[PDB]
Amino acid sequence: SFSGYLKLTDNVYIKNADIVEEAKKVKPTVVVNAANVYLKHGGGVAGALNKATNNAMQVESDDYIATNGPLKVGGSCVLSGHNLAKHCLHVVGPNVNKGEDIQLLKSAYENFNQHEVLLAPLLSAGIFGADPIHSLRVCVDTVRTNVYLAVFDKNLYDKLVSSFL
Ligand SMILES: NC(=O)c1cnn(CCO)c1
């Protein structure tokens with residue numbers, strides 16, 4: 001299963017790892033994507049996960065959007081995990097750089113509770129503009145299922161572990 005994770009709480013674990021490499025090695029049941037409402041996987045975790053699927057994630061996502069319309073900020077959808085996982089849970093955290101409500105981060109993490117175990121990034125962190133320390137706090141206070149967080153940046157990983165209350 002997952003290896004080298006530091007245990008933060010009863011159910012939250014964390015590792016300094018590229019979620020793409022973690023997904024390829026583990027092939028978890030669920031990999032979480034840091035999605036936007038349009039499922040346009042252009043950069044950040046989304047661009048990296050999509051590029052690992054050879055764009056199959058984007059092709060599937062465009063068909064999903066053509067049929068269903070955009071997701072809500074704080075919402076999610078379950079699609080294929082392609083070569084990375086059985087499923088990909090596309091979760092839309094608020095993007096602070098697009099002036100979205102940071103209060104929606106708790107709603108976004110609530111989506112994780114529908115899956116017993118997940119490999120995930122910190123929602124709204126990175127190019128989404130939120131404070132990753134705040135995202136980790138909302139994660140451990142909202143997610144009750146088993147979440148294995150992959151933090152790409154080593155310096156940030158150390159900052160998150162060393163400041164975790
Ligand atoms: N895991 C990440 O946050 C991330 C962002 N870009 N990339 C490119 C290499 O996979 C990885």
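FYI, side chains are in, hydrogens and waters are out, and symmetry mates aren't considered; it's all heavy atoms of this structure. Along the sequence shown, the residues carry numbers beginning at 1.
For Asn83, the side chain to side chain donor-acceptor pair (under 3.5 Å) test picks out no residue, with sequence neighbours left out. Checked against salt bridge (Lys or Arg N to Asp or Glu O under 4.0 Å), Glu110 has no partners two or more places apart in sequence or in another chain. Partners of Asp141 under the salt bridge (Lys or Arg N to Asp or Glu O under 4.0 Å) rule, at least two apart in sequence or in another chain, are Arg137. For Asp158, the side chain to side chain donor-acceptor pair (under 3.5 Å) partners are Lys154, not counting sequence neighbours. Under the rule for a side chain to side chain donor-acceptor pair (under 3.5 Å), the partners of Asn55 that lie at least two apart in sequence or sit in another chain are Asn50.
Inter-residue side-chain proximity for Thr53 and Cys88 is flagged as unmet; no heavy-atom pair is nearer than 4.5 Å.
The backbone N or O of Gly47 lies less than 3.5 Å from no partner atom in the side chain of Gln58, so there is not a single donor-acceptor pair. When atom types are taken as modelled, the side chain of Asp18 and the backbone of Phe152 share no donor-acceptor pair closer than 3.5 angstrom. At distances below 3.5 Å, not a single donor-acceptor pair connects side-chain atoms of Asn95 with backbone N or O atoms of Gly129. Between the side chain of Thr145 and the backbone N or O of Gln114 there is no donor-acceptor pair closer than 3.5 Å. Side chain of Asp63 to main chain of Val59: no donor-acceptor pair is present (N/O by atom type, distance under 3.5 Å, no hydrogens or angles). Put simply, the side chain of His115 never gets that close to the backbone of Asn113: no donor and acceptor are under 3.5 Å apart. A donor-acceptor contact shorter than 3.5 Å is absent between the side chain of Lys106 and the backbone of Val138. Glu60 places no side-chain N or O within donor-acceptor distance of the main-chain N or O of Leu79, the cut-off being under 3.5 Å.
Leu89 and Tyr109 fall within the same hydrophobic cluster, where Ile, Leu, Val, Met, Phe, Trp and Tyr residues are linked whenever their side-chain heavy atoms come under 4.5 Å apart, directly or through other members.
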Worksheet entry | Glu116 vs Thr29, side chain to side chain contact (heavy atoms under 4.5 Å, CB included): CA-CA, chis, key distance, verdict | CA-CA 9 Å; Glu116 291 194 325; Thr29 305; over 6 Å; no
Discussion item. Set out, in order, the CA-CA distance, both residues' side-chain angles and the distance that settles side chain to side chain contact (heavy atoms under 4.5 Å, CB included) for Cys77 and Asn68, then state yes or no.
Written reply: CA-CA 10 Å; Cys77 73; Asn68 298 288; over 6 Å; no
Worksheet item: Given the rule in the side chain to side chain contact (heavy atoms under 4.5 Å, CB included) test, do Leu160 and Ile133 qualify, once you have shown the distances and angles that lead to the verdict?
Response: CA-CA 6 Å; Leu160 288 164; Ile133 298 179; 4.1 Å; yes
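Applying the 6.0 Å contact sphere to CG of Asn97 captures more than 12 heavy atoms from other residues, nucleotides or ligands. By the 6.0 Å contact criterion, NZ on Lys98 is enclosed, its count of non-hydrogen atoms from other residues, nucleotides or ligands being greater than 12.
Using a 4.0 Å cut-off between charged nitrogen and carboxylate oxygen, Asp10 and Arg144 do not count as a salt-bridge pair.
Taking a 4.5 Å side-chain heavy-atom cut-off between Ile, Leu, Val, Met, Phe, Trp and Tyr, the cluster of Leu84 extends to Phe2, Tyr5, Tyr13, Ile19, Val20, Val26, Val31, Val45, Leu49, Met57, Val117, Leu119, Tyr148.
Between the CG atom of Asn16 and the CG atom of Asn155 there is a distance of 10.0 Å, given to the nearest 0.5 Å.
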